[PDB]
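Residue numbers (the authors' numbering), protein chains in the order written: chain e, 10 to 166; chain d, 2 to 205; chain p, 1 to 82; chain w, 2 to 48; chain h, 2 to 130; chain q, 4 to 83; chain l, 2 to 124.
Note sheet for the following structure.
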Amino acid sequence: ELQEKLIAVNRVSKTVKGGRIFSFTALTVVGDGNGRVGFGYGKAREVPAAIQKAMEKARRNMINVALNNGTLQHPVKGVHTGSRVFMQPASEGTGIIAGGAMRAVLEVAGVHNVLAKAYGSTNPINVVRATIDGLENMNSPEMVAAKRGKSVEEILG
Amino acid sequence: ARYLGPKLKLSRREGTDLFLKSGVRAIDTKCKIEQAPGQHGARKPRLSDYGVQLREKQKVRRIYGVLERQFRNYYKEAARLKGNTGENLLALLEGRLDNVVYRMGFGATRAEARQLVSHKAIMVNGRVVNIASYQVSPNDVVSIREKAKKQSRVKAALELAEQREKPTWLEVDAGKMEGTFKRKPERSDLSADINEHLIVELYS
Amino acid sequence: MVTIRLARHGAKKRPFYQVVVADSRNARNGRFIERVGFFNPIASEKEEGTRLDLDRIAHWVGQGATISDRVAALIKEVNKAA
Amino acid sequence: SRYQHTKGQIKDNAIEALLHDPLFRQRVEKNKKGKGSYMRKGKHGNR
Amino acid sequence: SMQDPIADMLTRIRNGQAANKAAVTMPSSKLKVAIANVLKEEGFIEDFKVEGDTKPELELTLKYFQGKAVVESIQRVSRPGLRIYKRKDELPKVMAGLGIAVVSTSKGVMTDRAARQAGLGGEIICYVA
Amino acid sequence: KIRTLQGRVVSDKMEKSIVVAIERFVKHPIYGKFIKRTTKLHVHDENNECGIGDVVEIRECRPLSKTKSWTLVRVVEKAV
Amino acid sequence: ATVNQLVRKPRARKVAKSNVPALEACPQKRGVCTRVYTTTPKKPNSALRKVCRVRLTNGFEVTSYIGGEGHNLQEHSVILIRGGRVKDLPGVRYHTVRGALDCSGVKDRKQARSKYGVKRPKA
RNA sequence: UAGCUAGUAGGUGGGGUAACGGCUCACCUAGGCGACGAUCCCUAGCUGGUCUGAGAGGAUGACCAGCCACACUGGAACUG
RNA sequence: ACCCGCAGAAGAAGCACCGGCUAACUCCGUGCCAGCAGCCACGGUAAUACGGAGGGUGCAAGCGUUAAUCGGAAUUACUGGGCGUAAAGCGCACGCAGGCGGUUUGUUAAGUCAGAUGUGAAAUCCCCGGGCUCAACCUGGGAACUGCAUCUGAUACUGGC
Ligand SMILES: [Mg+2]
Ligand SMILES: [Mg+2]
Ligand SMILES: [Mg+2]
Ligand SMILES: [Mg+2]
Ligand SMILES: [Mg+2]
């Protein structure tokens, strides 16, 4: 039921006199593929354990975002740290145009068609966070109506 | 314009029943489709995302028997066309005369169908075409010439077609050896194993 | 001088003509004043082949425009068809 | 096949001169495990 | 210098939205008033009122629906440094329609959508979401 | 109706000859800023009636000299 | 970033300079070997590298790497230049495309022979 | 590359151009151009376009289309 | 051109690559030597990186290569960067040219926008079909040709009075 995927893995070192501990950072992301997305960032001495940790993290602290049928609702900019991301709604069946890491990120989310680009410098974790921020910002056609206290059709045209 | 040599190697590399042979005999009994090509068969490394897309693309190319440049051209054409891009790409891929013939049941394999098309046997609209990449329009009647009606391989192909899956967008006749194109090929009729989106993403 | 002349504006083995009004001395396939139609030398029996705007041609000759022999012949056949 | 004598116009001893130029350098092993050993990315990389 | 009044107003509005202010007071203009009216019509704000004879002050009442600010992003595209003029068909659609653009239309200042409906272009003042 | 153009006098030192500048509003193709752009022209004037720094209405006409190709129709501002 | 600034002096684009100045925007070039020699590479490495100072078509005395093992290259011989740079040697921005002109291909190489001018054998 | 230029810029009259004209001569005036880059130098066919690019743009301008220029270099006029 | 008859796979496949990027990995000399390489440097006696052999991968009558140009470079950022510490605030003020300009009314229509006219040679690029046996190609229509100009208007703004 839940789509789950590893994005990035780092060899991260806690240097000590007794010898530098070579530890593994794991970055995963889960989601049902219908709306909700949740990223998880787990680090451990081992790799599979780390990945499991990451998965667990992803499992809770999950962001619920509504989707325009099977695509993005509105041209949204998701910003985090140094990695600024522009994300655009794309036409029917054109595919997830996003990245090597970001494509995977959006795959779990459930967006079929997207036109997305990260700018400047892009760390995987950072980029995922940016995406998530963008998603959070992203609002449904009825939410905006509610905010306005208005009709959806009227808002549309 | 075409690959020549070991053809089930391709699908072994993929790891899926790709229908790259006629298949009266089972695909697992004749070749070890479960295993990768060569020495490093039992080895199954963790495959990259780009890598998987590439593999999918290759699978698609294998399916039809289309080399890279031609495939690129097809993709471009699809992009040019209105609507679902992947679907459009699928449509003309199918629309290839040889592939249409294969679907009908006049060549038991896609390569075989291509060969038949080449060897002056397939006669669309009363004109025999050497070219396999002829895009077939709806409401077109393709006939097999009386010179080609002597062959038993065609009969075998027909039998295989009868045995296997039946397409809805095409009508095939056994004793008459006539085909009819009803509508443009769609994603609904074809199997869900194809990942057109991935290929599209790759071609950027 | 002003001439109603046809130019071979087609490919190798697949020829195509276009009946234009142009200066005589200048290049055949280069520049023109006004195009009035076209001509298919293959001339398929199923669907047309030859197409011109006769009124414009008539107007041009009224104000003194020469007609090429082939063009004249084509015009004559069009008239016959009519 | 020439070697471009870093020393140049060699006047006295050729052997000694050569031994005192890049061709006969002090070459040091980049060993693993110990001191001057750590590599961020290996020969084949992390999987 | 007090160069752009509209921009200043927009900034004030943004600040209010951020700091959860119920009412924002600012120096007033006729065009400003029109803009405010347009905004009200669109549904972003509660009510606007201008008061002052020698020194006119526009008061704007803001909405915070379900514990969050309604006017999320509000930014000028046309500027005193660089003015952007758009044609009828060249008019933008801000956030796929779910969001609007303030346009200086020759038949009264209004929404981009409204301008499109009319068949008239002009200067695209601000982008409101 | 024929085209008319308006500008201000740069100098009127030369005998029966005026230099007028049109401060045209140019839209920049790259950036989008509207620049007041100088269009410095040599204009023919009758009787040398105008003065230095004066707004005049001019029309497009035949070449009179090497650079001259305008004649004024009416003077819009006279006061200095 | 100010538009007015841009207006009166525009964006001075980063001047694209060629990595291979002696080539003069040409795929290959012909040169007679003024000197044929071998010299040590950069400090991460330790070897002896096949190189040639060549007097060029346009009179441009440049050093060029000689790819492959075992060469017929001698002083006063006409060679052809690839514009491929080698980070091991300073000044070396050129390969010598083997199998061309006076020079011949590398002996007994079987795979990746298209770069070293070795012929198709009967095996 | 910060000053450029005396037929130089404009007038009046003459000579001429197919025709307007410093296009040219006589004479007077002291101008005109320019940091919205005149001037000087280096490179360059320009353009319709072509490639690239999401788009904007960036590069480039073989072919095909048009204009110009040049015919050994330099000129120069006769003819039509 | 194209079409009819004949035999037979007969005469038409190979280069580039397989360390990671970058799809694909093992064994034999070799040993910081020879060599590799677009970059991070492989090579120091077990090389998934050299060189060969076997097994691949991807192209395909090619394929590399260097070159050239654009992209990715949001590495000149109009779109779409910045500037405390990373490169980047004139040492600081006054100040003309220019750039930017508060509010109310009238009002020009300059600017701009709208609309209409002329129009933007063609071919192509682009859309629908058409002819080739389909493609490349030729082209028919249509669209575009983002313009430039005239006139008729619009008065919300920008500037001018
Ligand atoms: Mg030149
Ligand atoms: Mg791999
Ligand atoms: Mg850039
Ligand atoms: Mg600093
Ligand atoms: Mg510092």
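We put the CB at the ideal spot given by N, CA and C, even for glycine.
Under a 10 Å Cβ-count criterion, e:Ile105 is classified as buried, with 16 or more other Cβ atoms of the shown protein chains found around its own Cβ. Per DSSP, e:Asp142 is one residue of the alpha helix (DSSP H) stretching across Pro133 to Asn146. For p:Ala73, there is no enclosing beta strand (DSSP E); the residue is found in the alpha helix (DSSP H) stretching over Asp69 to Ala81.
Going by C-alpha positions, h:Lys56 is about 40 Å away from q:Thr41. Straight through space, the alpha carbons of h:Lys50 and h:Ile14 are spaced by roughly 14 Å. Put simply, the segment 76 to 85 of chain l touches the segment 27 to 40 of chain l. At least three CB pairs are less than 8 Å apart. Listed by position along chain d, the residues whose Cβ is nearer than 8 Å to that of e:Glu13 form an empty set, because the closest Cβ is around 14 Å away. Beta-bridge partners of l:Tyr66 (DSSP): l:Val52 and l:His96.
For e:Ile134, no Cβ of chain h is located within less than 8 Å of the residue's own Cβ. Of the candidates e:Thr131, e:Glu151 and e:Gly108, the residue whose Cα lies closest to the Cα of d:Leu203 is e:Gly108. Contact annotation: the segment 109 to 118 of chain h does not touch the segment 46 to 63 of chain q, with fewer than three C-beta pairs closer than 8 Å. Assigned with DSSP and collapsed to three states, p:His59 falls in helix. When CB distances to chain w are screened at a threshold of 7 Å, not a single residue of the segment 45 to 60 of chain e falls below it.
Residues of the segment 28 to 60 of chain q with a Cβ closer than 9 Å to any Cβ of chain l, in chain order: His31, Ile33, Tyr34, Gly35, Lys36 and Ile38.
At least 8 Å separates the beta-carbon of d:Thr181 from that of d:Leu191. For a Cβ distance threshold of 9 Å, residue set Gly35, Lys36 and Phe37 of chain q lies close to h:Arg84, ordered along the chain. Under the Cβ distance rule, w:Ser38 does not count among the residues neighbouring chain l, no pair being separated by less than 8 Å. Within chain l, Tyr38 and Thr40 have C-beta atoms less than 7 Å from the C-beta of w:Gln5, given in sequence order.
Relative to d:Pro139, the option among d:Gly96, d:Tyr103 and d:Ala109 whose CA is nearest is d:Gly96. w:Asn47 has a beta carbon lying within less than 8 Å of a beta carbon in chain e.
Any Cβ of chain h closer than 8 Å to the Cβ of e:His121 would place that residue at the interface, and such an atom is absent.
In the structure shown, the three-state DSSP call for h:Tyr65 is coil. Straight-line spacing of the CA atoms in e:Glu65 and e:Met96 works out to 28 Å.
The segment 7 to 18 of chain l and the segment 50 to 69 of chain l do not touch, with fewer than three beta-carbon pairs separated by less than 8 Å. Around the beta carbon of q:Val23, 16 or more other beta carbons sit within 10 angstroms, so the residue counts as buried. Residue-level contact by beta carbon fails for w:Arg41 and chain l, as no gap is shorter than 8 Å.
No residue range can be given for q:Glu80, since it is assigned to no alpha helix (DSSP H) and is classified by DSSP as neither H nor E. Per the coordinates, the alpha-carbon of l:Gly71 lies some 28 Å from the alpha-carbon of w:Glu17. Contact between h:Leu59 and h:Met27 is confirmed by a C-beta separation of about 5 Å, below the 8 Å threshold.
Under a criterion of Cβ atoms nearer than 8 Å, the residues of chain l adjacent to w:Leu24 are, in order, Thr41 and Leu49. As the crow flies, the alpha-carbon of d:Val101 is around 30 Å from that of d:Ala37.
Residues of chain d with a Cβ closer than 8 Å to the Cβ of e:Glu101 are, in chain order, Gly84 and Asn85.
The beta carbon of e:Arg68 does not come within 8 Å of any beta carbon belonging to chain h, so the residue lies off that interface. DSSP places w:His21 outside both helix and strand once states are collapsed to three, so it counts as coil.
Neighbours of d:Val201 in chain e, taken as residues whose beta carbon is under 7 Å from its own, are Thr103 and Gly104 in chain order. Shown here, d:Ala92 sits in a helix according to DSSP, grouped into three states.
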